[PDB]
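So this block is entry_0.pdb, PDB, C-alpha atoms (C1' of nucleotides) and all ligand atoms:
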ATOM      1  CA  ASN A  15      28.130-149.842 142.807  1.00  0.00           C
ATOM      2  CA  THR A  16      30.889-147.755 141.186  1.00  0.00           C
ATOM      3  CA  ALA A  17      32.065-145.492 144.036  1.00  0.00           C
ATOM      4  CA  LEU A  18      33.138-148.161 146.533  1.00  0.00           C
ATOM      5  CA  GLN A  19      34.549-150.494 143.855  1.00  0.00           C
ATOM      6  CA  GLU A  20      36.555-148.913 141.098  1.00  0.00           C
ATOM      7  CA  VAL A  21      36.761-145.105 140.920  1.00  0.00           C
ATOM      8  CA  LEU A  22      39.095-144.959 143.891  1.00  0.00           C
ATOM      9  CA  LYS A  23      41.310-147.529 142.154  1.00  0.00           C
ATOM     10  CA  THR A  24      42.055-145.059 139.326  1.00  0.00           C
ATOM     11  CA  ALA A  25      43.148-142.264 141.707  1.00  0.00           C
ATOM     12  CA  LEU A  26      46.261-144.235 142.625  1.00  0.00           C
ATOM     13  CA  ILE A  27      48.631-144.719 139.659  1.00  0.00           C
ATOM     14  CA  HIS A  28      51.465-142.274 140.310  1.00  0.00           C
ATOM     15  CA  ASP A  29      49.727-139.622 142.423  1.00  0.00           C
ATOM     16  CA  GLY A  30      50.874-138.246 145.760  1.00  0.00           C
ATOM     17  CA  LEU A  31      50.325-140.468 148.783  1.00  0.00           C
ATOM     18  CA  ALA A  32      51.752-141.154 152.234  1.00  0.00           C
ATOM     19  CA  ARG A  33      54.342-143.893 152.560  1.00  0.00           C
ATOM     20  CA  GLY A  34      55.617-145.768 155.560  1.00  0.00           C
ATOM     21  CA  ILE A  35      55.559-145.369 159.281  1.00  0.00           C
ATOM     22  CA  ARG A  36      56.555-141.754 159.547  1.00  0.00           C
ATOM     23  CA  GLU A  37      54.074-139.865 157.391  1.00  0.00           C
ATOM     24  CA  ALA A  38      50.622-141.503 157.561  1.00  0.00           C
ATOM     25  CA  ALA A  39      49.277-138.928 160.033  1.00  0.00           C
ATOM     26  CA  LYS A  40      51.348-136.159 158.429  1.00  0.00           C
ATOM     27  CA  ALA A  41      49.635-134.981 155.241  1.00  0.00           C
ATOM     28  CA  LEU A  42      46.627-133.392 156.984  1.00  0.00           C
ATOM     29  CA  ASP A  43      48.552-130.251 158.002  1.00  0.00           C
ATOM     30  CA  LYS A  44      48.984-128.806 154.498  1.00  0.00           C
ATOM     31  CA  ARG A  45      46.687-126.825 152.189  1.00  0.00           C
ATOM     32  CA  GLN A  46      46.842-129.273 149.291  1.00  0.00           C
ATOM     33  CA  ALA A  47      44.506-131.928 150.715  1.00  0.00           C
ATOM     34  CA  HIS A  48      42.028-133.447 148.300  1.00  0.00           C
ATOM     35  CA  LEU A  49      40.187-136.770 148.952  1.00  0.00           C
ATOM     36  CA  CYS A  50      41.767-138.852 151.732  1.00  0.00           C
ATOM     37  CA  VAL A  51      40.797-142.201 153.255  1.00  0.00           C
ATOM     38  CA  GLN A  52      40.778-143.779 156.735  1.00  0.00           C
ATOM     39  CA  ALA A  53      40.389-147.377 157.905  1.00  0.00           C
ATOM     40  CA  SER A  54      37.591-148.395 160.265  1.00  0.00           C
ATOM     41  CA  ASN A  55      39.754-150.942 162.065  1.00  0.00           C
ATOM     42  CA  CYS A  56      42.101-148.604 163.961  1.00  0.00           C
ATOM     43  CA  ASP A  57      43.182-150.069 167.299  1.00  0.00           C
ATOM     44  CA  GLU A  58      43.031-146.767 169.132  1.00  0.00           C
ATOM     45  CA  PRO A  59      40.066-144.361 169.092  1.00  0.00           C
ATOM     46  CA  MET A  60      42.444-141.407 169.234  1.00  0.00           C
ATOM     47  CA  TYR A  61      44.074-141.686 165.810  1.00  0.00           C
ATOM     48  CA  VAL A  62      40.692-141.770 164.074  1.00  0.00           C
ATOM     49  CA  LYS A  63      39.789-138.875 166.373  1.00  0.00           C
ATOM     50  CA  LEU A  64      42.939-137.106 165.194  1.00  0.00           C
ATOM     51  CA  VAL A  65      42.207-137.378 161.480  1.00  0.00           C
ATOM     52  CA  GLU A  66      38.700-135.964 162.001  1.00  0.00           C
ATOM     53  CA  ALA A  67      40.247-133.352 164.302  1.00  0.00           C
ATOM     54  CA  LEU A  68      41.300-131.405 161.196  1.00  0.00           C
ATOM     55  CA  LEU A  69      38.947-132.344 158.387  1.00  0.00           C
ATOM     56  CA  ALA A  70      35.555-132.161 160.136  1.00  0.00           C
ATOM     57  CA  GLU A  71      35.973-128.395 160.556  1.00  0.00           C
ATOM     58  CA  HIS A  72      37.458-128.048 157.042  1.00  0.00           C
ATOM     59  CA  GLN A  73      36.979-128.997 153.399  1.00  0.00           C
ATOM     60  CA  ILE A  74      38.512-132.480 153.588  1.00  0.00           C
ATOM     61  CA  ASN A  75      36.594-135.774 153.477  1.00  0.00           C
ATOM     62  CA  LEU A  76      37.466-139.302 154.655  1.00  0.00           C
ATOM     63  CA  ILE A  77      35.927-142.551 153.388  1.00  0.00           C
ATOM     64  CA  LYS A  78      35.795-145.331 155.999  1.00  0.00           C
ATOM     65  CA  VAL A  79      37.075-148.656 154.618  1.00  0.00           C
ATOM     66  CA  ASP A  80      37.468-152.058 156.313  1.00  0.00           C
ATOM     67  CA  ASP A  81      41.127-152.066 157.392  1.00  0.00           C
ATOM     68  CA  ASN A  82      44.500-150.710 156.379  1.00  0.00           C
ATOM     69  CA  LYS A  83      45.893-154.048 155.121  1.00  0.00           C
ATOM     70  CA  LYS A  84      43.515-154.018 152.140  1.00  0.00           C
ATOM     71  CA  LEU A  85      44.632-150.435 151.505  1.00  0.00           C
ATOM     72  CA  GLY A  86      48.203-151.783 151.523  1.00  0.00           C
ATOM     73  CA  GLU A  87      47.961-152.847 147.891  1.00  0.00           C
ATOM     74  CA  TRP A  88      46.407-149.446 147.083  1.00  0.00           C
ATOM     75  CA  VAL A  89      49.312-147.245 148.184  1.00  0.00           C
ATOM     76  CA  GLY A  90      51.863-148.624 145.726  1.00  0.00           C
ATOM     77  CA  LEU A  91      53.750-151.353 147.537  1.00  0.00           C
ATOM     78  CA  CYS A  92      52.572-154.159 145.247  1.00  0.00           C
ATOM     79  CA  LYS A  93      53.324-157.494 146.897  1.00  0.00           C
ATOM     80  CA  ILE A  94      50.856-159.629 144.939  1.00  0.00           C
ATOM     81  CA  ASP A  95      53.204-161.228 142.471  1.00  0.00           C
ATOM     82  CA  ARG A  96      53.855-164.332 140.403  1.00  0.00           C
ATOM     83  CA  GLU A  97      56.969-165.601 142.215  1.00  0.00           C
ATOM     84  CA  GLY A  98      56.421-163.401 145.276  1.00  0.00           C
ATOM     85  CA  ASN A  99      54.639-163.515 148.588  1.00  0.00           C
ATOM     86  CA  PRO A 100      51.106-162.033 148.459  1.00  0.00           C
ATOM     87  CA  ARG A 101      51.477-160.853 152.107  1.00  0.00           C
ATOM     88  CA  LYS A 102      54.230-158.304 152.714  1.00  0.00           C
ATOM     89  CA  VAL A 103      52.660-155.001 153.778  1.00  0.00           C
ATOM     90  CA  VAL A 104      50.754-153.810 156.835  1.00  0.00           C
ATOM     91  CA  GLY A 105      49.187-150.955 154.982  1.00  0.00           C
ATOM     92  CA  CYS A 106      48.395-147.302 155.508  1.00  0.00           C
ATOM     93  CA  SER A 107      45.577-145.799 157.553  1.00  0.00           C
ATOM     94  CA  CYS A 108      45.715-142.281 156.027  1.00  0.00           C
ATOM     95  CA  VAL A 109      46.850-141.366 152.515  1.00  0.00           C
ATOM     96  CA  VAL A 110      45.792-138.281 150.576  1.00  0.00           C
ATOM     97  CA  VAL A 111      45.820-137.170 146.928  1.00  0.00           C
ATOM     98  CA  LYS A 112      47.819-134.043 146.134  1.00  0.00           C
ATOM     99  CA  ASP A 113      47.013-133.790 142.418  1.00  0.00           C
ATOM    100  CA  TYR A 114      45.046-136.015 140.075  1.00  0.00           C
ATOM    101  CA  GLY A 115      46.811-135.234 136.802  1.00  0.00           C
ATOM    102  CA  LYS A 116      44.296-137.235 134.765  1.00  0.00           C
ATOM    103  CA  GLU A 117      40.548-136.668 134.675  1.00  0.00           C
ATOM    104  CA  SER A 118      39.293-139.914 133.164  1.00  0.00           C
ATOM    105  CA  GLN A 119      37.191-141.186 136.079  1.00  0.00           C
ATOM    106  CA  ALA A 120      37.851-138.658 138.851  1.00  0.00           C
ATOM    107  CA  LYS A 121      34.313-137.259 139.044  1.00  0.00           C
ATOM    108  CA  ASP A 122      32.764-140.242 140.773  1.00  0.00           C
ATOM    109  CA  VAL A 123      34.691-139.866 144.044  1.00  0.00           C
ATOM    110  CA  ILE A 124      33.485-136.277 144.536  1.00  0.00           C
ATOM    111  CA  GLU A 125      30.013-137.294 143.308  1.00  0.00           C
ATOM    112  CA  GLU A 126      29.864-139.394 146.467  1.00  0.00           C
ATOM    113  CA  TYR A 127      30.713-136.283 148.517  1.00  0.00           C
ATOM    114  CA  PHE A 128      28.061-133.621 147.830  1.00  0.00           C
ATOM    115  CA  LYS A 129      25.292-136.225 147.466  1.00  0.00           C
ATOM    116  CA  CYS A 130      24.828-136.711 151.227  1.00  0.00           C
ATOM    117  CA  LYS A 131      27.609-134.676 152.852  1.00  0.00           C
ATOM    118  CA  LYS A 132      26.577-131.602 150.762  1.00  0.00           C
TER     119      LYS A 132
ATOM    120  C1'   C B   1      80.629-145.927 153.508  1.00  0.00           C
ATOM    121  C1'   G B   2      81.525-144.443 148.244  1.00  0.00           C
ATOM    122  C1'   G B   3      79.239-152.723 152.036  1.00  0.00           C
ATOM    123  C1'   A B   4      76.530-153.685 144.383  1.00  0.00           C
ATOM    124  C1'   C B   5      73.029-157.418 144.454  1.00  0.00           C
ATOM    125  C1'   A B   6      70.110-161.958 146.455  1.00  0.00           C
ATOM    126  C1'   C B   7      66.902-163.795 150.719  1.00  0.00           C
ATOM    127  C1'   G B   8      64.564-163.231 155.518  1.00  0.00           C
ATOM    128  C1'   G B   9      63.344-159.703 159.132  1.00  0.00           C
ATOM    129  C1'   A B  10      62.369-154.745 160.457  1.00  0.00           C
ATOM    130  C1'   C B  11      58.545-152.940 158.503  1.00  0.00           C
ATOM    131  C1'   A B  12      52.044-146.719 157.929  1.00  0.00           C
ATOM    132  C1'   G B  13      48.899-148.320 165.381  1.00  0.00           C
ATOM    133  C1'   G B  14      55.734-145.447 164.283  1.00  0.00           C
ATOM    134  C1'   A B  15      61.760-148.658 159.126  1.00  0.00           C
ATOM    135  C1'   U B  16      65.472-144.363 158.096  1.00  0.00           C
ATOM    136  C1'   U B  17      68.206-139.053 156.724  1.00  0.00           C
ATOM    137  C1'   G B  18      69.453-134.198 158.367  1.00  0.00           C
ATOM    138  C1'   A B  19      70.190-130.521 162.419  1.00  0.00           C
ATOM    139  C1'   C B  20      70.245-125.000 166.400  1.00  0.00           C
ATOM    140  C1'   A B  21      71.942-125.055 171.456  1.00  0.00           C
ATOM    141  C1'   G B  22      75.083-126.591 175.297  1.00  0.00           C
ATOM    142  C1'   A B  23      79.594-130.200 179.465  1.00  0.00           C
ATOM    143  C1'   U B  24      81.328-133.042 174.550  1.00  0.00           C
ATOM    144  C1'   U B  25      86.433-132.290 170.556  1.00  0.00           C
ATOM    145  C1'   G B  26      92.309-131.211 168.257  1.00  0.00           C
ATOM    146  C1'   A B  27      88.008-129.299 165.142  1.00  0.00           C
ATOM    147  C1'   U B  28      81.257-124.737 163.828  1.00  0.00           C
ATOM    148  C1'   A B  29      82.911-133.866 163.085  1.00  0.00           C
ATOM    149  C1'   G B  30      74.929-134.016 165.627  1.00  0.00           C
ATOM    150  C1'   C B  31      81.570-137.604 166.621  1.00  0.00           C
ATOM    151  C1'   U B  32      78.911-138.852 170.757  1.00  0.00           C
ATOM    152  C1'   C B  33      75.658-137.021 174.482  1.00  0.00           C
ATOM    153  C1'   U B  34      71.143-133.984 177.160  1.00  0.00           C
ATOM    154  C1'   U B  35      66.761-132.166 174.764  1.00  0.00           C
ATOM    155  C1'   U B  36      63.727-131.833 170.414  1.00  0.00           C
ATOM    156  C1'   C B  37      62.328-130.662 165.586  1.00  0.00           C
ATOM    157  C1'   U B  38      63.058-132.600 160.513  1.00  0.00           C
ATOM    158  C1'   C B  39      63.635-136.221 156.141  1.00  0.00           C
ATOM    159  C1'   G B  40      59.709-140.152 152.748  1.00  0.00           C
ATOM    160  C1'   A B  41      60.904-146.232 151.202  1.00  0.00           C
ATOM    161  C1'   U B  42      65.503-143.708 149.986  1.00  0.00           C
ATOM    162  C1'   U B  43      67.269-147.167 153.918  1.00  0.00           C
ATOM    163  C1'   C B  44      68.371-150.100 158.158  1.00  0.00           C
ATOM    164  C1'   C B  45      69.622-155.611 160.078  1.00  0.00           C
ATOM    165  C1'   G B  46      70.914-160.631 159.721  1.00  0.00           C
ATOM    166  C1'   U B  47      72.936-164.326 155.987  1.00  0.00           C
ATOM    167  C1'   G B  48      75.379-165.179 151.612  1.00  0.00           C
ATOM    168  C1'   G B  49      78.043-162.590 147.839  1.00  0.00           C
ATOM    169  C1'   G B  50      80.530-158.311 145.338  1.00  0.00           C
ATOM    170  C1'   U B  51      84.335-154.560 145.950  1.00  0.00           C
ATOM    171  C1'   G B  52      88.384-151.457 147.174  1.00  0.00           C
ATOM    172  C1'   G B  53      93.927-151.832 148.367  1.00  0.00           C
ATOM    173  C1'   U B  54     100.866-147.090 146.959  1.00  0.00           C
ATOM    174  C1'   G B  55      98.240-154.941 151.016  1.00  0.00           C
ATOM    175  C1'   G B  56     101.774-159.440 150.043  1.00  0.00           C
ATOM    176  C1'   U B  57     104.380-162.332 146.253  1.00  0.00           C
ATOM    177  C1'   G B  58     108.706-159.325 140.049  1.00  0.00           C
ATOM    178  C1'   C B  59     111.060-166.671 142.318  1.00  0.00           C
ATOM    179  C1'   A B  60     103.130-166.934 139.569  1.00  0.00           C
ATOM    180  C1'   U B  61     103.346-163.444 135.228  1.00  0.00           C
ATOM    181  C1'   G B  62     102.273-159.761 130.914  1.00  0.00           C
ATOM    182  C1'   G B  63     104.024-155.330 128.934  1.00  0.00           C
ATOM    183  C1'   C B  64     108.035-152.091 129.052  1.00  0.00           C
ATOM    184  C1'   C B  65     113.211-151.607 130.186  1.00  0.00           C
ATOM    185  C1'   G B  66     118.294-152.621 131.586  1.00  0.00           C
ATOM    186  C1'   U B  67     122.152-155.920 130.354  1.00  0.00           C
ATOM    187  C1'   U B  68     126.181-160.120 128.877  1.00  0.00           C
ATOM    188  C1'   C B  69     126.020-156.746 123.988  1.00  0.00           C
ATOM    189  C1'   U B  70     128.494-151.891 120.511  1.00  0.00           C
ATOM    190  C1'   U B  71     131.152-156.215 119.737  1.00  0.00           C
ATOM    191  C1'   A B  72     130.172-159.160 114.747  1.00  0.00           C
ATOM    192  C1'   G B  73     127.122-162.413 115.422  1.00  0.00           C
ATOM    193  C1'   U B  74     123.058-166.005 114.271  1.00  0.00           C
ATOM    194  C1'   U B  75     119.654-169.814 111.471  1.00  0.00           C
ATOM    195  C1'   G B  76     117.078-173.078 107.991  1.00  0.00           C
ATOM    196  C1'   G B  77     116.530-175.866 103.026  1.00  0.00           C
ATOM    197  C1'   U B  78     119.073-179.548  99.952  1.00  0.00           C
ATOM    198  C1'   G B  79     123.353-182.280  99.331  1.00  0.00           C
ATOM    199  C1'   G B  80     128.517-184.349 101.892  1.00  0.00           C
ATOM    200  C1'   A B  81     130.450-186.583 106.565  1.00  0.00           C
ATOM    201  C1'   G B  82     129.336-189.631 111.144  1.00  0.00           C
TER     202        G B  82
HETATM  203 ZN    ZN C 201      99.893-159.043 153.254  1.00  0.00          ZN
END

Represent the structure contained in this file as structure tokens.
Amino acid sequence: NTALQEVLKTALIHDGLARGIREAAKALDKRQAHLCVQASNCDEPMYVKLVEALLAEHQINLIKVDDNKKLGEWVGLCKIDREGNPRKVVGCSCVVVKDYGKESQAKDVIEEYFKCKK
RNA sequence: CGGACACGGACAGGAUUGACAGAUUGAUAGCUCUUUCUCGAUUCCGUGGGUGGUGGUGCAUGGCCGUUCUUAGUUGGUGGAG
């Protein structure tokens, strides 16, 4: 009840991510890839094939979420506002985490990993 | 572009930077073009609004300066005259 809800919220304050329409499928090619995330609403079955094309033979893990729009307020483009429109982003399908920096509640995302995926 | 901001759009399933090579230039200006790699919300676009100007107007002015003006000249108060 803690992995899907809140311990991926706290890995998002000022950490490394992908941003915009030119680097979502970019970060996979580097040897700094910690926990990444992919949306299970992707219109083509080739992009989701392409993110598992690297990580399934390597040390990198994706978590399948609903869509990328609900990840749009997770990347950093905050559009939910008091005098602002709560609908401005069409969010990202693949962001990574380069470095955590803080270790308050960062265990519970990797606790999900080696519990079934070993 | 060194067009700030403000709003809408464009906008992670494809906004924007940079650049080797060649006909391409006056020019090793990616200026543009053919082709392709690269940059990470930075911008780009429309609409308002700034802003810059050795642009106008010295007869819209300030300041400074020249001059009549290198000569002795000028002004109140209170009384006097009208
Ligand atoms: Zn003029």

Taking only C-alpha atoms (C1' of nucleotides) and all ligand atoms and a cut-off of 9 Å, can you tell me which residues surround ligand ZN 201 (chain C), written as a PDB file with C-alpha atoms (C1' of nucleotides), in the frame of the given file?
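Below is the file out_14.pdb, written as the result:
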ATOM      1  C1'   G B  55      98.240-154.941 151.016  1.00  0.00           C
ATOM      2  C1'   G B  56     101.774-159.440 150.043  1.00  0.00           C
ATOM      3  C1'   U B  57     104.380-162.332 146.253  1.00  0.00           C
TER       4        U B  57
END

Subject >> Distance query residue 11 (chain B) at most 10 Å, all atoms listed in the file, self and fewer than 6 positions along chain excluded, as a count of residues only >> reply: 5

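Note that the spacing between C1' of residue 15 (chain B) and CA of residue 37 (chain A) amounts to 11.8 Å.
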
**OP:** Using only C-alpha atoms (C1' of nucleotides), determine which residues of chain A fall within 12 Å of chain B; present them as a VMD selection string.
**Re:** chain A and resid 30 to 41 52 to 53 55 to 62 81 to 83 85 to 86 89 to 91 98 102 to 109

Write the residues you've just listed into a file as a tab-separated table (two decimals), in the coordinates of the input, and include C-alpha atoms for each of them.
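selection-v8.tsv, written as the output of this step:
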chain	number	residue	atom	x	y	z
A	30	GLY	CA	50.87	-138.25	145.76
A	31	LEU	CA	50.32	-140.47	148.78
A	32	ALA	CA	51.75	-141.15	152.23
A	33	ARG	CA	54.34	-143.89	152.56
A	34	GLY	CA	55.62	-145.77	155.56
A	35	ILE	CA	55.56	-145.37	159.28
A	36	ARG	CA	56.56	-141.75	159.55
A	37	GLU	CA	54.07	-139.86	157.39
A	38	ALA	CA	50.62	-141.50	157.56
A	39	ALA	CA	49.28	-138.93	160.03
A	40	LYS	CA	51.35	-136.16	158.43
A	41	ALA	CA	49.64	-134.98	155.24
A	52	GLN	CA	40.78	-143.78	156.74
A	53	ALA	CA	40.39	-147.38	157.90
A	55	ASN	CA	39.75	-150.94	162.06
A	56	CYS	CA	42.10	-148.60	163.96
A	57	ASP	CA	43.18	-150.07	167.30
A	58	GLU	CA	43.03	-146.77	169.13
A	59	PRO	CA	40.07	-144.36	169.09
A	60	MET	CA	42.44	-141.41	169.23
A	61	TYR	CA	44.07	-141.69	165.81
A	62	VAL	CA	40.69	-141.77	164.07
A	81	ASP	CA	41.13	-152.07	157.39
A	82	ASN	CA	44.50	-150.71	156.38
A	83	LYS	CA	45.89	-154.05	155.12
A	85	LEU	CA	44.63	-150.44	151.50
A	86	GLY	CA	48.20	-151.78	151.52
A	89	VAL	CA	49.31	-147.24	148.18
A	90	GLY	CA	51.86	-148.62	145.73
A	91	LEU	CA	53.75	-151.35	147.54
A	98	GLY	CA	56.42	-163.40	145.28
A	102	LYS	CA	54.23	-158.30	152.71
A	103	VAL	CA	52.66	-155.00	153.78
A	104	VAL	CA	50.75	-153.81	156.84
A	105	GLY	CA	49.19	-150.96	154.98
A	106	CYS	CA	48.40	-147.30	155.51
A	107	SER	CA	45.58	-145.80	157.55
A	108	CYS	CA	45.72	-142.28	156.03
A	109	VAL	CA	46.85	-141.37	152.51

**OP:** Find the distance between CA of residue 87 (chain A) and CA of residue 28 (chain A) and write it in Å to one decimal.
**Re:**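 Separation between CA of residue 87 (chain A) and CA of residue 28 (chain A): 13.5 Å.
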
**OP:** List, as a ChimeraX atom specification, every residue that the PyMOL selection byres (((chain A and resi 116-129) around 10) and not hetatm) selects in the file provided.
**Re:** /A:16-18,20-25,27,29,48-49,75-77,113-115,130-132

**OP:** Quote the spacing between CA of residue 112 (chain A) and CA of residue 19 (chain A) in Å to one decimal place.
**Re:** 21.3 Å

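Nearest residue to residue 65 (chain A), choosing from A:43, A:99, A:26, A:92 and counting all atoms listed in the file: A:43.
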
**OP:** List every protein, DNA or RNA residue that has an atom no more than 12 Å from (79.9, -162.5, 151.5) in the file's coordinate frame, counting all atoms listed in the file, and report them as a ChimeraX atom specification.
**Re:** /B:3-6,47-51

Subject >> Test item: the PyMOL selection byres (((chain B and resi 18) around 8) and not hetatm) resolved as an MDAnalysis selection string >> reply: chainID B and resid 17 19 38:39

Original post:
Which residues come within 12 Å of residue 34 (chain B), counting all atoms listed in the file, excluding same-chain residues fewer than 2 positions away, as a VMD selection string?
Top reply: chain B and resid 21 to 24 32 36

Go ahead and write the residues just picked, C-alpha atoms (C1' of nucleotides), as a PDB file, keeping the file's coordinate frame.
ATOM      1  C1'   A B  21      71.942-125.055 171.456  1.00  0.00           C
ATOM      2  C1'   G B  22      75.083-126.591 175.297  1.00  0.00           C
ATOM      3  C1'   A B  23      79.594-130.200 179.465  1.00  0.00           C
ATOM      4  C1'   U B  24      81.328-133.042 174.550  1.00  0.00           C
ATOM      5  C1'   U B  32      78.911-138.852 170.757  1.00  0.00           C
ATOM      6  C1'   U B  36      63.727-131.833 170.414  1.00  0.00           C
TER       7        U B  36
END

Would you compute, for all listed atoms of region 15-31 of chain A, the axis-aligned bounding box grown by 8 Å on each side, and then report its centre and edge lengths in Å rounded to one decimal, as AutoDock Vina command-line options?
--center_x 39.8 --center_y -144.4 --center_z 144.1 --size_x 39.3 --size_y 28.2 --size_z 25.5
